[PDB]
Amino acid sequence: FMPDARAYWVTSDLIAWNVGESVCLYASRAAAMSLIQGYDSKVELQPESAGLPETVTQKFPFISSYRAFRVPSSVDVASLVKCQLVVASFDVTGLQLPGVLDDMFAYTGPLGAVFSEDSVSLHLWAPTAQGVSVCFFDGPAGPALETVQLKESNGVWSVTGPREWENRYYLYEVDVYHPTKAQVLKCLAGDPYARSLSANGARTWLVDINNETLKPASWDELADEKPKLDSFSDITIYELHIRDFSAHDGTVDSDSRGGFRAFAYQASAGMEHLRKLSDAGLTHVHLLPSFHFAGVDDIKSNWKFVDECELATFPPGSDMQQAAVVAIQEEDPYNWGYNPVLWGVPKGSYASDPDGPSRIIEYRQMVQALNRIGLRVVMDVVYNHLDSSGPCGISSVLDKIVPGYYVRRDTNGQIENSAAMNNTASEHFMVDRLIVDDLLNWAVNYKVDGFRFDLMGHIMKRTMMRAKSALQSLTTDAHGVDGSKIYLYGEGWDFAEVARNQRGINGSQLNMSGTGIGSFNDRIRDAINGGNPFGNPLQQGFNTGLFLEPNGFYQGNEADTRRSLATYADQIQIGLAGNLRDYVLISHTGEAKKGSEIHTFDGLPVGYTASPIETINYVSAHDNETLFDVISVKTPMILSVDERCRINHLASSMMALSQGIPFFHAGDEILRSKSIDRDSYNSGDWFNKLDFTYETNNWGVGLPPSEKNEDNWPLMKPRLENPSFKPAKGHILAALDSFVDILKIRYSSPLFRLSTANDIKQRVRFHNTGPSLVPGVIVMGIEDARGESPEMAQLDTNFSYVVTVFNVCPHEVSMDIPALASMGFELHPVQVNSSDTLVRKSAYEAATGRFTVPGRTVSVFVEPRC
Ligand SMILES: OC[C@H]1O[C@@H]2O[C@H]3[C@H](O)[C@@H](O)[C@@H](O[C@H]4[C@H](O)[C@@H](O)[C@@H](O[C@H]5[C@H](O)[C@@H](O)[C@@H](O[C@H]6[C@H](O)[C@@H](O)[C@@H](O[C@H]7[C@H](O)[C@@H](O)[C@@H](O[C@H]1[C@H](O)[C@H]2O)O[C@@H]7CO)O[C@@H]6CO)O[C@@H]5CO)O[C@@H]4CO)O[C@@H]3CO
Ligand SMILES: [Ca+2]
Ligand SMILES: [Ca+2]
């Protein structure tokens, strides 16, 4: 006897059901109804003629067609939402309650644990629960000492106790009806507003987050020690995985590797690396999920490893490495961590001790340690889905307390798994509150500097906007953090059930235009690399040999590939200009077009932003092939690793010198490889190695785990086994040196970092365009106040003009730019002192404004004011 849920209880007095041209509601407290009988109460619903109110349809657009039914006043709603409910016609079905729950029980009062000099109080939102109690434990594994009943007041359960409650461990015992089991079950659950947990979150630790003993030395002075940030336009991002950082770092003692503590090792190879990029100009470091997620056991004694020495003896293109890693993947210390369980607590496995304060203290110490070397900290936040749901499981918490509320459901009442599994419903009040609250927890209690939203397109826009004002209004005097400096960005993908605003206006790329919130520019990524993560891996792009260097894979005639190369070049140039929708570019057809007037391969605007700070330019990230791996797959095999080394630099240089916000994947600068693994979320330390000795880049360490790569093994094997694909220390260091220099160039002039669209439209121009453009060359010019009586403000005191030439051709080129004739252009001082002998041969001839640039080279020219 388990009916689905095709009816909706949207308001205290309205029920929406999509029946056709006698409807009754049934309620059983003990959940004993069967096919309609065994009910405790019965009431008939009067068909509404005015239909659903605008508030309902605007909150739940996908049911604006449903028929409306009115619930009598005699009906006690608060009591019914606790019982089992169905509805029948004269077809039977259950009810989805989020609507009415919000209508009647929307709560803004204290949640979780509150502390006073005299007492401690607990608060839990569970409007459907029939009873809530708290079990107290004395330790992480001790027996239950005491059980205390909580009183419900407006769907919120509370209780107050002596201050001796502090430091106790506890769990809620919730008595709720679960739709998936059609039973009233008594489950144990952690606190959604937990601030700390025992190992694996088995219990909640009743700790005071403001306790002085949880603060590193000088913690309250961190606001004063934070790296300065004049504008969001100055931001550069470096995406790093906490374990990847030190797992293989021999300079950090064995025990302290792989977690938060490793960052306290100032003089380690890894930290010296971050310090080097920081001194170069890198502002922000984006850490992969560091909250409480499933997939990694917090108990280190349970961890298992592979024989790193044995696997090192296997052949480069063997399948033995992955078979060994896969064999223990479910029990190793590794995982990206995209499996949310509790959002407001640091991951136990990254702490020195899962039980106690170490996870709190060490996290702060990590934030402080990164701030002290000039780096602000960004958290990878995943509010779009949950690891688990239902009554059973240590990894299920939210859906255990208020079943069917925190998770998004289809029209049949079944849970949506679009995001991965157990999609969240940010469109629900208390879900929205939980998200904004969690953000404030990290910004204030941990002094985090920014947030990257995973699957931002699955989050309501209003949630994103309400969070943005709450975070940016934080002040040093009231909170100890400067909220105005906090930056937000995320994946604005629009797909599945949230597409076309079906669940309301979501945080997609097009909806976030003009919000000041950044989104990943997938347009410039695909144009540079070629194709897309869903297409043929051999599809070539602007920076991977399209037309100029065919790889063998058939992609049309010379005329077609040449045309496509030009098309990609247009998208890249729009992205270089901040990916603005109103920026006017001379397209390859010769016709002038705005960024929004140029369309993607599937018919949507390439440029879609209203500001440069809304675009996150990139060519690589944690997911999909690494930069080095994608280049080694798409370019012709005949190419040497020496030439590919330059191809890598071209890619990251295009990001480092583009308007908007450059985003770098940890390893780009050192040719990092995952041996061509396209989804290394679960591939262990072996395939995710970050070698800071610079001896290797992890290329040719066997084929990648078959689960996600087996269908491309034939393509990888020959390349992995080919010794001429493997870079040596020399190459890696060279890559790192030239990467550093490019950062220095971005921060040597404010012209690379224009703050508004108006400024970009006025100063940024491209000089190699039209139907007769030289293939494989991009010439970007940036103007500043020149001569007397300028229509601009002098933004740069050193240069009055800046020209950048991107040459992806194998051969040297000479670009005649008459507009820039008879000027004082010199090779950038940083490139004149470059260790790359090639770029130093860049020249400029005044009489014709000719710029001579070597092949596979990016050359920056400037015009001194002095
Ligand atoms: O979602 C299922 C998907 O999950 C995983 O994919 C990741 C992926 O690794 C990430 O890179 C990212 O993808 C982003 C893209 O970065 C972004 O460009 C955009 O993609 C758009 C594409 O540009 C466009 O081509 C189109 O994609 C279509 C596509 O034509 C179809 O082939 C089909 O794709 C399916 C795949 O073929 C299939 O393998 C599987 O993919 C998994 C995958 O296993 C995993 O790595 O399912 C998909 C979906 O059915 O359909 C799509 C969409 O109709 O349109 C997209 C979006 O407008 O956005 C994506 C995110 O969707 O994130 C995904 C998911 O986290
Ligand atoms: Ca810095
Ligand atoms: Ca794993």
Side-chain angles (χ1 to χ4, degrees), residues 226-229 234-238 243 274-285 293-297 302-306 325-339 349 370-377 382 384-385 417-421 423 449 454-458 490-500 508-510 519-527 529 531-536 539 571 600 602-604 606 616 618-625 630 677-688 705 707-709 711 743-744 746-747:
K226 278 183 181 290
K228 56 184 58 183
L229 186 65
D234 295 351
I235 292 181
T236 42
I237 302 168
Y238 186 81
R243 180 165 179 87
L274 299 181
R275 166 75 83 166
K276 186 177 182 182
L277 306 179
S278 177
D279 294 346
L282 174 69
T283 61
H284 288 74
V285 51
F293 59 82
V296 177
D297 196 329
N302 291 324
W303 294 353
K304 281 155 183 54
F305 302 91
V306 295
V325 171
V326 168
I328 71 167
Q329 59 177 3
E330 303 300 307
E331 281 184 329
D332 63 14
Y334 196 91
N335 195 294
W336 284 347
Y338 290 97
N339 315 307
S349 75
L370 288 173
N371 287 166
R372 280 177 167 164
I373 65 170
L375 292 167
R376 282 171 178 261
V377 182
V382 185
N384 60 73
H385 84 274
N417 299 313
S418 168
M421 54 180 172
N423 291 9
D449 302 298
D454 183 56
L455 297 179
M456 189 170 64
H458 276 71
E491 291 178 315
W493 312 140
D494 199 27
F495 68 100
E497 82 277 12
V498 303
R500 288 167 285 105
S508 68
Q509 281 160 310
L510 301 191
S519 51
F520 284 88
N521 181 0
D522 62 325
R523 263 128 272 212
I524 196 173
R525 180 200 68 197
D526 289 342
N529 293 340
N532 59 66
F534 310 114
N536 196 299
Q539 191 181 339
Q571 299 175 11
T600 62
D602 45 54
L604 283 82
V606 173
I616 309 288
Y618 75 133
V619 294
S620 61
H622 61 273
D623 40 27
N624 304 316
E625 290 84 357
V630 73
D677 193 353
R678 74 166 184 83
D679 193 2
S680 59
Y681 80 105
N682 201 19
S683 299
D685 294 321
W686 181 262
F687 287 100
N688 287 295
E707 181 182 332
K708 306 284 192 182
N709 300 292
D711 286 347
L743 272 171
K744 288 184 175 182
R746 169 175 200 87
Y747 290 97

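Position 1 is the first residue of the sequence, and the numbers go up from there. In what follows, every heavy atom counts, from backbone to side chain, and hydrogens, waters and symmetry copies are set aside. Counting starts at 1 for both ligands and their atoms, following the listed order.
Residue-level proximity to ligand 1 for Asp522 is carried by the side chain, the only part with a heavy atom below 4.0 angstrom. The proximity of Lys708 to ligand 1, defined as any non-hydrogen pair under 4.0 Å, does not occur for either the backbone or the side chain. Residue contacts with ligand 1 for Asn624 involve side-chain atoms from C-beta outward but no N, CA, C or O (heavy atoms, distance under 4.0 Å).
No donor-acceptor pair closer than 3.5 Å links the side chain of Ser418 to the backbone N or O of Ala496.
When only modelled atom types and interatomic distance are considered, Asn529 and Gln539 share no side-chain donor-acceptor pair under 3.5 Å. When only modelled atom types and interatomic distance are considered, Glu707 and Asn682 share no side-chain donor-acceptor pair under 3.5 Å.
With a cut-off of 3.0 Å, the Ca ion (ligand 3) has an N, O or S atom of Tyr334 in range.
In summary, the atoms of ligand 1 found under 4.0 Å from a heavy atom of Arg678, numbered by their order in the structure, are 46 (O).
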Which is it for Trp493 and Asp522 under the side chain to side chain contact (heavy atoms under 4.5 Å, CB included) test, yes or no, and what are the steps along the way?
-> CA-CA 9 Å; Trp493 312 140; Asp522 62 325; 3.5 Å; yes

Go through the steps to decide whether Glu497 and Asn423 satisfy the test side-chain hydrogen bond (donor to acceptor under 3.5 Å, both in side chains), and finish with yes or no.
-> CA-CA 10 Å; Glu497 82 277 12; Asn423 291 9; 2.9 Å; yes

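To the nearest 10 degrees, the Ca ion (ligand 3) sees OD1 of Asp332 and OD1 of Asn682 at an angle of 150°. To the nearest 10 degrees, the Ca ion (ligand 2) sees OG of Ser278 and O of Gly374 at an angle of 80°.
In the candidate list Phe495, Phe534, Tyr338, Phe534 is nearest to atom 29 (C) of ligand 1, counting heavy atoms.
Residue-to-ligand polar distances keep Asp526 apart from ligand 1: every N/O pair is separated by 3.5 Å or more. Annotation: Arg525 places an N or O atom under 3.5 Å from an N or O atom of ligand 1; distance criterion only.
Taking the six-membered ring where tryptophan is involved, the planes of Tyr338 and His622 are essentially parallel, since the angle between them stays under 30° and well short of 60°.
Residue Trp336 forms a side-chain contact (heavy atoms from CB on, under 4.5 Å) with just one option from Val382, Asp679, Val296, and that option is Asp679.
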